[PDB]
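What follows is a short report on a single structure.
Because the Cβ atoms are built from the backbone with ideal geometry, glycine has one as well, and the counts that use them run over all protein chains shown. Since every read-out is calculated from the coordinates, none of them should be taken as a lab result.
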Amino acid sequence: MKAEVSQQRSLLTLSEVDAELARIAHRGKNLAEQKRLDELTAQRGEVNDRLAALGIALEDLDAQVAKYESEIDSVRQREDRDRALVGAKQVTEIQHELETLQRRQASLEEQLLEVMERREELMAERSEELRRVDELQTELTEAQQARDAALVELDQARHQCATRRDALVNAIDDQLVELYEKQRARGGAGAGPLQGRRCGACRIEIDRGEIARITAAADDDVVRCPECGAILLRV
Ligand SMILES: [Zn+2]
């Protein structure tokens, strides 16, 4: 197999463009902007979970408040129903009933207050978590805007290299482009520069028996690295 040195020179730029396209794809999956978005999203979810659990607690205290202020309403009604006063003999019995009704309302007042201020404390804690999570939300959208913008730049850069690559392939004979892409299917670079003695693809230190035949090969000949099989470009 043989190929013009000018074709091999463009095959070198073709491998470089392909190597740049690979790192462009790699950085897309390892965006620092997404790592920042991942942390803000986790933190916002942490405040969202506490806000949800705080909501359950205030429901319980609201039910306690409602049940407490449903009992005194019957006590206030029991006093109102018995306020109508007609035999004075049994009135003493209705008078001792009012003394117990007043003690039931007074004891219930101590119970409502303990729940009222405890609910007042939780809603205060709920407000500080709302401002906390709202702060994170504004940061989260900024990180999300920064993440999307970083994806646009990578896609723009990838669109560049894809155009330069298309032009390169049209400038090299299909026979050489075929062997190159057949070598990329093996998992390696497909072609690399001979960096002194070591192949530019698999980066192996080629033995001293192969470099003699490689250096002796004609300039227009194509050479494959023994270890990996990639096209070694001496130019
Ligand atoms: Zn190699």
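Tabulated data
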| read-out | value |
| --- | --- |
| Selection count, region 191-216, where residues are closer than 17 Å to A19 by Cα and out of contact with any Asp or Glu (no Cβ under 6 Å at 6 or more places or on another chain) | 9 |
| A106 being over 52 Å from the mean Cα position of the chain (by Cα), under 30 Å from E121 (Cβ atoms) and aliphatic (A, V, I, L, M) | yes |
| Lone unmet requirement of (1) within 16 Å of the ligand (Cβ to nearest atom); (2) part of a helix (DSSP H, G or I) for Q156 | (1) |
| Where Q137 falls short, out of the listed (1) assigned to a helix (DSSP H, G or I); (2) more than 24 Å from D49 (Cβ to Cβ); (3) out of contact with any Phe, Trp or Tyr (no Cβ under 6 Å at 6 or more places or on another chain) | (2) |
| Restricting region 109-145 to residues that are among the acidic types (D, E) and within 22 Å of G45 (Cβ to Cβ), the residue that is farthest from the chain's Cα centre (by Cα) | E125 |
| Matching residues in region 195-220 - criterion: being assigned to a helix (DSSP H, G or I) and surrounded by fewer than 17 Cβ atoms within 10 Å (Cβ to Cβ) | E210, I211, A212, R213, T215, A216 |
| Given (1) more than 28 Å from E128 (Cα to Cα); (2) touching a helix residue (DSSP H, G or I) at 6+ places or on another chain (Cβ under 9 Å), index of the condition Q95 fails | (2) |
| Conditions (1) more than 16 Å from the ligand (Cβ to nearest atom); (2) of a type in the set (A, V, I, L, M); (3) surrounded by 12 or more Cβ atoms within 10 Å (Cβ to Cβ): number failed by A149 | (3) |
| Residues within region 174-194 that are surrounded by fewer than 17 Cβ atoms within 10 Å (Cβ to Cβ) and either within 10 Å of the ligand (Cβ to nearest atom) or part of a loop (DSSP other than H, G, I, E, B) (or both), tallied | 3 |
| Matching residues, region 195-232, being within 11 Å of the ligand (Cβ to nearest atom) and of a type in the set (A, V, I, L, M) | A201, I204, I206, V223, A230, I231, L232 |
